[PDB]
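Position 88 (the sequence shown) corresponds to 88 in the numbering used here; numbering is contiguous.
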Amino acid sequence: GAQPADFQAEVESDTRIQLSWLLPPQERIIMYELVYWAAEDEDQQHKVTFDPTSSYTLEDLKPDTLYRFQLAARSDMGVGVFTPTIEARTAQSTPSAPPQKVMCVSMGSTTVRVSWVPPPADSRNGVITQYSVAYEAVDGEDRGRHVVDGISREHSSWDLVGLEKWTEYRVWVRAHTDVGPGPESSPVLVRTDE
Ligand SMILES: [Cl-]
């Protein structure tokens, strides 16, 4: 079939982009071939073939990723040439994995230093914009969770202050993008001095 006309891409979400084009005039269209790839990894292309239609929503894409697309039409006369490339970028998401390497060390009777590294690069789904640290006493009177947020992305540690003396705490660390919070780490236990 003829090169598809008015081929366009619309971002729908962090994982979905809708492609659309014109139905070809007076052609016995049989199927379409959609070739797509991430701009950052142009050696890895994907093709999906499908029955005739004028729109296709690609799903399960990677968040915050610039994608490129080309479309070809197969008619009873065979497959034609591909469209020029078009592009669209999926939205960001929240992180899909916690901060890694979480450690806690007592720094006195009422202070604990929490340290971490960012979640793996492929699970950030956007630029990491803040961290939060949650803590909860294991024993003692206040058994509630307390959360410190707004920790800037350049921090790799944070001091929890004002804790109770000789008290054990659970500590969890969580990453955020502009979209919102990701999951928190598995808890690390730490006890204050004296
Ligand atoms: Cl929390």
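Note that CB positions come from ideal geometry on N, CA and C, so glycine has one too.
Query: Reduced DSSP category for residue 137 - H, G, I as helix; E, B as strand; rest coil; Result: strand
Query: Neighbourhood of residue 63 by C-beta, 7 angstroms cutoff - its chain only, sequence neighbours within 5 removed; Result: 14, 15, 90, 91, 92, 93, 125 and 126
Query: Outcome for residue 53 when other beta-carbon atoms lying within 10 angstroms are tallied against a minimum of 16; Result: exposed
Query: Contact test: residue 102 Cβ vs ligand 1 heavy atom, cutoff 8 angstroms; Result: no
Query: Inter-stretch contact at 8 angstroms, needing at least 3 Cβ pairs: the segment 104 to 123 / the segment 74 to 88; Result: no
Query: Start-to-end residues for the beta strand (DSSP E) that takes in residue 152; Result: 145 to 152
Query: Three or more C-beta pairs below 8 angstroms linking the segment 170 to 187 and the segment 131 to 145; Result: yes
Query: Which of helix, strand or coil DSSP assigns to residue 72; Result: strand
Query: Same chain, Cβ closer than 6 angstroms to residue 160, neighbours up to 5 away in sequence not counted; Result: 112 and 135
Query: Of the listed residues 191, 5 and 11, nearest to residue 104 (C-alpha basis); Result: 191
Query: Residue 18 to residue 187 span [Cα, whole Å]; Result: 40 angstroms
Query: Any non-hydrogen atom of ligand 1 within 8 angstroms of residue 184 CB; Result: yes
Query: Residue 65 versus residue 179 - alpha carbon distance; Result: 15 angstroms
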